[PDB]
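Okay, so here's just one chain, in structure tokens, the form deposited in one PDB entry.
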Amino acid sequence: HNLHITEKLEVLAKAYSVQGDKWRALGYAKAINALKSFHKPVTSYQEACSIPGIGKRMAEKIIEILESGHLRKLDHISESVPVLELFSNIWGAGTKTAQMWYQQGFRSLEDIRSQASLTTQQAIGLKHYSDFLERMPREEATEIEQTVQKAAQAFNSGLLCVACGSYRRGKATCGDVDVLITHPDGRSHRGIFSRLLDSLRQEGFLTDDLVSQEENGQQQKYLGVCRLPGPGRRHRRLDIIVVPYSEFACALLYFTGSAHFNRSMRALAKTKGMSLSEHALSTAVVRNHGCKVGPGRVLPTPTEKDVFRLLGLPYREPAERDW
């Protein structure tokens, strides 16, 4: 749809990402998307360069696959890449940890299990290695959001619970369940992680915690593992955010994504002198190297339609925000 050159460029982009080339991998990912998001198959080098996201270097790699049906660079990928990919797919381990485990001589999850030094999160990630690479049907994500909502609404009926991420973008499968919690009164959303997590543990729903700062009263997120009851259940990842009602549209926009749509909209805000985050859309933001020097003023954004409007953009329903 309408190119197989992306299949070859994805192998080389995955290789740079696992090796830590964060920015070289990004350039490849944007070129891959531009190639998947195009009408007529690319037949010329000038036709390849005309597309935004494809430069001279990327066009000549596309001209090599068109002429030869083979990209020479793939025959000289580091032999470590499959192992680094295997290790970075552990929750809590990234490019740095995987490179370190590789230098130390580990080549399998058996060597990680028996010989590696694992963090608490890395040990939970390894314990659910397959389940965590598995996507659930959106119907199970409904069961999970309904579980979190029932426990949250049980102690405070006014609480608003919404499933975001891929679920809200109408996707058929979900990597995890992203639940946003808020309160229309603007003050009762405070200190509910204590009660909500307590409640979900009493019923044996939460199996493990990955990120959960419960010592602080200003805990913003919960990242953990859950499992619905009955046979045939797998362990599913859960992501909960509790936000002030005033920041609802921005938190809802942020948490619906995609990650690439948020980046694209935030980069656009930067060009209009504004700043967009999960908390607020700000204006008159002073910047130096593109870093915040001044705070600016928060703009009133009661709904997601106001964020698009204040940025001079037409509204995009969640399903049209995949990129």
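We call the rigid core whatever largest set of C-alpha positions still superposes within 1.5 Å between the two forms. Residue numbers here begin at 1 and follow the sequence given.
The same protein has a further form, the form deposited in another entry, not shown here; the description that follows concerns it.
J.: Fit the core first: which of 244, 94, 204, 217 then shifts its CA by 2 Å or more between this form and the one not shown?
T.: Everything else stays below 2 Å; the exception is 217.
J.: Regarding residue 218 and residue 120, go with closer or farther for their CA spacing in that other deposited form versus this form, the difference being 3 Å or more.
T.: It is farther: in that other deposited form, the C-alpha atoms of residue 218 and residue 120 lie at least 3 Å more apart than they do here.
J.: I want to verify one pair: residue 219 and residue 120. Are their C-alpha atoms nearer or more distant in that other deposited form compared with the form I supplied, knowing the change is 3 Å or more?
T.: Those two alpha carbons end up farther apart in that other deposited form.
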